[PDB]
Amino acid sequence: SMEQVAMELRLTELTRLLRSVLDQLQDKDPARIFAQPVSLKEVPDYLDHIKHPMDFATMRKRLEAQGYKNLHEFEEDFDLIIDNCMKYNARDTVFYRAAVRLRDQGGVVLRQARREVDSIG
């Protein structure tokens, strides 16, 4: 149908906007701490601690499959990155501290993303 096409164009445009959002958030992680999944070869107990691992490569795979229907779903995955790290790592670690800085800096980006998503519909 024409409606299904229109819906698909909306999703494509959301995917475009979320790709720009993802790029902007990933720039706030210049150390690349959150770039890839925590290695289960290197942290073999990880899944005993963290039940829903997340990282920016995994988000990108979902994004490019157009697997984010709305900004809430995308934000859920970004919050997982941060919250997983803040639980597994102690406060005095470079990992925890990187997550705090990513949360703080990302907030700004996500605030305007929400306005744009609502504004453009």
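Could you grab the pairs with beta carbons closer than 8 Å, sequence gap of 6+ or different chains, first residue in region 63-76 and within 15 Å of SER20 (Cα to Cα), second one part of a loop (DSSP other than H, G, I, E, B) and of a type outside the set (D, E, K, R)?
Cβ pairs passing all conditions: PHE74/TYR68.
Taking helices (runs of 4 or more DSSP H) that do not extend beyond region 31-121, which have at least 2 residues that are basic (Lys, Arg) and under 23 Å from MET7 (Cα atoms)? Before the answer, list the steps.
Values: elements: 46-49, 56-64, 71-88, 94-120.
By residue number, 56-64, 94-120.
Could you list all residues from region 49-62 that are under 13 Å from the mean Cα position of the chain (by Cα) and either charged (D, E, K, R) or closer than 20 Å to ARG19 by Cα (or both)?
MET54, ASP55, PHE56, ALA57, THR58, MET59, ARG60, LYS61, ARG62
Just to be sure I understand, how many residues within region 58-87 are of a type in the set (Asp, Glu) and buried (at least 20 other Cβ atoms within 10 Å of the Cβ)?
Taking region 58-87 and keeping what is of a type in the set (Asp, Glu), we get 64, 73, 75-77, 79, 83.
Those still in the list that are buried (at least 20 other Cβ atoms within 10 Å of the Cβ) too: none.
Going through region 58-87 one residue at a time, the tally reaches 0.
Before we move on, is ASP118 under 27 Å from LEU47 (Cα atoms) and of a type in the set (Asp, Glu)? Talk me through it step by step, then tell me what you get.
Working: under 27 Å from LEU47 (Cα atoms): no; of a type in the set (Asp, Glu): yes.
Here the answer is no, as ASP118 does not meet what is asked.
Which pairs do you get when a residue that is at negative phi, found in region 36-60, comes within reach of a residue that is among the acidic types (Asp, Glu), reach meaning Cβ atoms under 6 angstrom, with the pair 6+ apart or on two chains?
Hits for this filter: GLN36/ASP55; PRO37/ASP55; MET54/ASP77; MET59/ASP77.
Which residues, counting only those in region 63-98, are within 11 Å of the chain's Cα centre (by Cα) and charged (D, E, K, R)? Step through it out loud before you land on a result.
The initial filter retains those residues of region 63-98 that are within 11 Å of the chain's Cα centre (by Cα), namely 63, 68, 71-82.
Those that are within 11 Å of the chain's Cα centre (by Cα) and charged (D, E, K, R): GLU73, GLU75, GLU76, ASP77, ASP79.
So in region 13-38, with the set limited to residues that are touching a helix residue (DSSP H, G or I) at 6+ places or on another chain (Cβ under 8 Å) and of a type in the set (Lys, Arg), which one is farthest from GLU64 (Cα to Cα)?
Taking region 13-38 as the starting set, the residues that turn out to be touching a helix residue (DSSP H, G or I) at 6+ places or on another chain (Cβ under 8 Å) are 13-15, 17-19, 21-22, 24-26, 28-29, 31, 33-38.
So of that shortlist, the ones also of a type in the set (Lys, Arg) come out as 19, 28.
Values: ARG19: 8, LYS28: 21 Å.
Step by step, filter region 13-38, then rank; the result is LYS28.
Starting from residues that are closer than 27 Å to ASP83 by Cβ and among the small types (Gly, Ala, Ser), keep the ones in region 1-48 and report whichever is nearest to the chain's Cα centre (by Cα).
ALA35
Name the pairs whose Cβ atoms lie under 8 Å apart, with the first residue in region 2-25 and closer than 20 Å to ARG60 by Cβ and in contact (Cβ under 8 Å) with a residue 60 or more places away in the chain, the second among the charged types (D, E, K, R) and in a helix (DSSP H, G or I), and 6 or more positions between them or separate chains?
Note: pairs meeting the criteria are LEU17/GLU116.
Does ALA113 meet the test of being surrounded by 18 or more Cβ atoms within 10 Å (Cβ to Cβ), touching a residue at least 60 places away in the same chain (Cβ under 8 Å), within 23 Å of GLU13 (Cα to Cα) and out of contact with any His (no Cβ under 9 Å at 6 or more places or on another chain)? Spell out how you get there, then give the answer.
Values: surrounded by 18 or more Cβ atoms within 10 Å (Cβ to Cβ): yes; touching a residue at least 60 places away in the same chain (Cβ under 8 Å): yes; within 23 Å of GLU13 (Cα to Cα): yes; out of contact with any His (no Cβ under 9 Å at 6 or more places or on another chain): yes.
When the stated conditions are applied, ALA113 passes them.
Methodologically, a virtual Cβ is constructed for each residue, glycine included, from the backbone with ideal geometry; neighbour enumeration extends over all protein chains shown. The numbers here are math on the coordinates, done by the rules we state, and not lab data.
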